[PDB]
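> Next input, structure requested:
(8 chains)
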Amino acid sequence: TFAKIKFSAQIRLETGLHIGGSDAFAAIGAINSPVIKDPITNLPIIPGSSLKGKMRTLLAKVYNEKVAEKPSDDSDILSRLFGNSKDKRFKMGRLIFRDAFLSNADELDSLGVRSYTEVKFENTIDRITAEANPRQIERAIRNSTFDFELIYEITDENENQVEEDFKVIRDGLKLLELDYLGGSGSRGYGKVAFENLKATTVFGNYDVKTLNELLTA
Amino acid sequence: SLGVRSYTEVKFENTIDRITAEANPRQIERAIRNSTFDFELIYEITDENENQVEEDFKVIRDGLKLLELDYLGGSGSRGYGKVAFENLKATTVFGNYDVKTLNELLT
Amino acid sequence: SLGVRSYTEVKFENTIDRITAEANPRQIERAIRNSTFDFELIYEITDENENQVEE
Amino acid sequence: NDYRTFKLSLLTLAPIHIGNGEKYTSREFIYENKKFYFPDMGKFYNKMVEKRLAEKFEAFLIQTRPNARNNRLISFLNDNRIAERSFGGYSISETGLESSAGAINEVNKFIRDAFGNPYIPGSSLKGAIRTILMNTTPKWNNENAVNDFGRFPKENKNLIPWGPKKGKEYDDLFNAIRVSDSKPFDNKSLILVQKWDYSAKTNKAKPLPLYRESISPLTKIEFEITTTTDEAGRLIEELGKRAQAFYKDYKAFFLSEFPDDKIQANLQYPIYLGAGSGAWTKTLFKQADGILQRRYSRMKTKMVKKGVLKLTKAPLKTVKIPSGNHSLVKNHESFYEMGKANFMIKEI
Amino acid sequence: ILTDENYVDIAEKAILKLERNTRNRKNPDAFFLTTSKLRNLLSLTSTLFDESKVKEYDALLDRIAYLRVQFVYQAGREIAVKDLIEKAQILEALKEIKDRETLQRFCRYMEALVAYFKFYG
Amino acid sequence: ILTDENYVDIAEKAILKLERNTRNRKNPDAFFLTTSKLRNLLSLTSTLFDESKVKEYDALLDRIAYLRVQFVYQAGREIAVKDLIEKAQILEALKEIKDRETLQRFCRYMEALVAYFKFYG
RNA sequence: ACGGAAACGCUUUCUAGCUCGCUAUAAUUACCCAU
RNA sequence: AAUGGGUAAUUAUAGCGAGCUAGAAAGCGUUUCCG
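Residues are numbered from 1 along each chain as shown, chains lettered A, B, ... in the order given. Please find the structure below.
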């Protein structure tokens, strides 16, 4: 049969993440690395390409034997979910990562917040002669919350190996809380937290009970 | 009136090589988020059907429900999709059929 | 007047072929969507017409 | 998995300042009670335009008196019977050592998140780790600083390898030392110290008009440090011995040639969170002394010795934790060395 | 007044209008005006440039009203910055800020001043 | 000035006219100019080449006025870009930008500069 | 009493698949100036 | 000495700038009127 499973989750931040864009017409002496933002609302967002990239390259150090020279070489428990372009049976893989926008923009008000993206000055310092080279980079602020909206896609080939899939996705997020969700994360910046995970079926009458107790173990 | 400059945002992306960790950038035009497109989906009713009309309305409504759960166009596993369909209503632009039951059927 | 380079657009297009799911592109040329064409249609009146002209 | 973590418990001694770039200028704070209030000066101007004192305030700012305490912002509010604050609420309690009481000028802000709480950024702590690591290893503290073009003061940034470098597998030692930020601590631990330059070949300590708002000593701040690879993983439980060796080579010169009452003992692993400290904790010190003693033919000349010692005045405070109540300075009149801190590090 | 087609040439002609060191024959035609004092003035407006592409204009009348105070305070002390405030008509141009576009045009006028000051000297 | 039949040749001759490293012959005839300095300037000429095809020339000109600001500032600090705006004259090609076709001609001139800077590497 | 008359260049077809805006980087240095 | 003050730098630096698949595929090339 055919089904669609919706992994809804919240993304809290512990440190503020910096998923970069580039603004070419940024000012002199202003934000030199701005974040990706929504053009209408001007809130920062977490693009799904960055989630699908970090989760794939962190699961590739776990679920691949004979480490991948290219993302065309993932060991087909990983290529099922993420897709190999150079493979006839797994291109257009199972997962659909939606962009997490923001949820708590009202909740950041009444905590006292001028702007939803803070600016951090960051100072290259030369370790000969102590001369400096400052930065100003945007950073989506600390207690933000984003609507993670993964969607898994069940066909007849899926049916006997869904749980082997869901033991990966649940272990993707746990791998990603132990790492940084994009940015300049070697110095803080994007230690992240996936909270209140919830897989609900949205098309096709699939039992989501024996896999929803596995997401909170 | 929402104050946006363009109608296409530009999404700056990159790829990291698995070995050697080199980044290769990308710039992708995509439409901006709360943009809206007039969708019209002309359906023909010939004398042959007589049951297939209300049978096919279910199929069209289900295929519009599956575009909201899947993506459209895009690079959909990486965002880029998530179309919503609002104000679903049908009306006979070439007459003599009753779309009362179908506009009730489109909730 | 309203800036248009060519009177035709070229629409790129493809044929994702169910699994293998390999695409197959296509370039088709269209006219553009404010082109206006000078349409004529000559109908004729005769002796046999005159009862059936209005119809 | 291979991600092995560390807790760095950072005992702040000897007050610590970080960041924020900007500064509250003079005439932007009131000293009403025994505490400094720092308004949101746009809202200050809003309420003071509502009371119709805009031209009076613009004539107050450009007008200087022979006394200082009637130029500050409390003298505007008392020469106009202004009684309420209700402004952007932020105030820090004075120590009694900023000094004529409250005639300080141009305090430097401390780095703060969007919620308005101070915190130490892990970017700023992975520079103090990185000077220790770049000073104790003999391979990085070699004849570094390739000049090769124009001005001398550049560094061979490519000596510690960090780029991706196609073909070659990605090592990048300091990608694999992830230092996270602190929890945002309280504004009550901020004390507003001022700079003091203790010279060599001159016994005086001169007060400078710097007013870094700084973390009070004896505050404990927790950092997390995740290491991923084995090579960078081994340099972090060895930060104890490398911090002690960095201090041993740093007490060898420039913490010689000074009286020992100025410097204080540490008793945990010594680190220098950065402000004030200056040019020897920020720098790898030999090529530093050459090319950095070169860089000043100005009025504010870095003089003939290695440097001028950077101290502050701050309230005296004892730990009472070891076998003895440790007085925490070895002098009277409360001179601390600016930017000194101690830490203990622990896996998981 | 400065429109979008003149605020850069006005800034160039204002930095050329600026007072120079008649003394100090070693490196003559240097200004009595350092990079630090002018980039203080640029740092006044950098945050209003950044938080105006995001915010509505009516949430910014507070700090734009305080710029009136802050530029005349910076021109109070160090009387050769006063010369730049008079020459490059900044207090005249602050009164004309009435929308987002005029605000951002003034912020880019300040960046134009800093650009032609780094270029000239 | 840029005609539509010479600007790529002007850009090639100007990239060859950039003076090079006579210092150490670890791959000599490199430039003082680095790729990132020149590529930050193409990064903002090539996002007006995109918008010019969509928007109108009377709707872009705050950006087009800021191009002169950023080229003057980047050729302030780090004189190897001042070398490029002298050899490949930009500030004189920027004053003559009154038409949208002239705007796009300047943007593709800047792209020809970066193309030949990469080619002669 | 037109080498004519009648005759849609039309049907089907996702510009799609894979791809982290990443890498390194203490807002720091210097210590004075004027009467 | 006291008093009043801060001042001078650096404002990002070095890179990557897209890569590989697909590049059209099935059908219909005349039918009827006519001898």
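> roughly how far out does stretch D:109-118 sit from the chain middle?
15 Å (Cα atoms, centre = their mean, to the nearest Å).
> Please apply the same query to stretch D:102-111.
Counting by Cα atoms, centre = their mean, stretch D:102-111 is centred 14 Å from the centre of its parent chain.
> Please enumerate residues in contact with it?
A:120-121, D:17-26, D:29, D:31, D:36, D:68-69, D:71-72, D:74, D:94, D:98, D:118-121, D:124, D:190, D:192, D:194, D:209-215 (Cβ atoms under 8 Å, 6 or more residues apart in numbering or on different chains). The way it works is simple: take the backbone N, C-alpha and C, and place the C-beta from them, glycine included.
> Selection in PyMOL covering whichever of those residues are buried, please.
Those of those that count as buried under 16 or more other Cβ atoms under 10 Å in any protein chain shown are selected in PyMOL with:
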select buried, (chain A and resi 120) or (chain D and resi 17+18+19+20+21+23+24+25+26+29+31+36+71+72+74+94+98+118+119+120+121+124+190+192+194+210+211+212+213+214+215)
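> which residues in the chain form strands?
With no chain named, the answer covers chain A. Here chain A has its strands, by DSSP state E, at A:3-13, A:117-121, A:136-140, A:145-154, A:192-203.
> my bad, the chain I had in mind was chain D
Using DSSP E, the strands of chain D run over residues D:4-12, D:23-24, D:36-37, D:91-92, D:107-108, D:177-179, D:195-198, D:205-207, D:211-212, D:219-227, D:269-272, D:309-313, D:335-337, D:340-347.
> Mind giving me the packing neighbours of the fourth one?
The reference is to strand D:91-92. strand D:36-37 (3 or more Cβ pairs under 8 Å, 6 or more residues apart in numbering or on different chains; DSSP states H and E).
> Can you name the residue of chain A nearest chain F?
residue A:24 (3.8 Å; Cβ to the nearest Cβ).
> The residue nearest to that residue when sequence neighbours are not counted: what secondary structure?
The shortest distance from residue A:24 to any non-neighbouring residue, by Cβ to Cβ, 6 or more residues apart in numbering or on different chains, is to residue F:44 (3.8 Å). Under DSSP: H, G, I helix; E, B strand; the rest coil, residue F:44 falls in the helix class.
> I'd guessed residue F:44 sits against residue F:64; true?
No - look at residue F:44 against residue F:64 with Cβ atoms under 8 Å: they stay out of range, at 10.4 Å.
> Would you mind measuring from the residue of chain A closest to chain F to residue F:107?
To residue F:107, residue A:24 is 12 Å away according to Cβ to Cβ, to the nearest Å.
> ok, those two, which is more surrounded?
residue F:107 (21 against 16; other Cβ atoms under 10 Å in any protein chain shown).
> backbone phi and psi for the residue nearest to that one when sequence neighbours are not counted, please?
Spatial nearest neighbour of residue F:107, excluding adjacent residues (Cβ to Cβ, 6+ apart): residue F:49 at 3.7 Å. Dihedral angles of residue F:49 (phi, psi; degrees, to the nearest 10) stand at phi -70, psi -30.
> Which of the strands of chain D sits closest to residue F:111?
Proximity to residue F:111 (Cβ to Cβ) singles out strand D:177-179 among the strands of chain D, at 38.7 Å.
> What is the burial count for the closest residue to residue D:226 other than its chain neighbours?
For residue D:226, the nearest residue in space outside its immediate sequence neighbours is residue D:178; the separation is 4.4 Å by Cβ to Cβ, 6+ apart. Other residues near residue D:178 number 24, with proximity taken as other Cβ under 10 Å.
> cool, and residue D:12?
Neighbours around residue D:12, by other Cβ under 10 Å: 23.
> Now do the nearest residue to it once chain neighbours are set aside: how many residues are near it, please.
Setting aside the residues directly before and after it, residue D:12 is nearest to residue D:219 in space (Cβ to Cβ, 6+ apart), at 4.6 Å. The number of residues packed near residue D:219 is 18, by other Cβ under 10 Å.
> Which residue is the nearest non-sequential neighbour of residue E:14?
residue E:88 (3.8 Å).
> you'd agree the one you found is up against residue E:8?
No - using Cβ under 8 Å, residue E:88 is not in contact with residue E:8; the gap is 11.9 Å.
> re earlier: would you list the strands of chain D in a markdown table and tack on distance to residue D:287?
Formatted as a markdown table, the strands of chain D follow (distance: least, Cβ to Cβ, whole Å):
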| stretch | distance to residue D:287 |
| --- | --- |
| strand D:4-12 | 28 |
| strand D:23-24 | 31 |
| strand D:36-37 | 41 |
| strand D:91-92 | 39 |
| strand D:107-108 | 29 |
| strand D:177-179 | 23 |
| strand D:195-198 | 24 |
| strand D:205-207 | 29 |
| strand D:211-212 | 28 |
| strand D:219-227 | 28 |
| strand D:269-272 | 18 |
| strand D:309-313 | 21 |
| strand D:335-337 | 23 |
| strand D:340-347 | 24 |
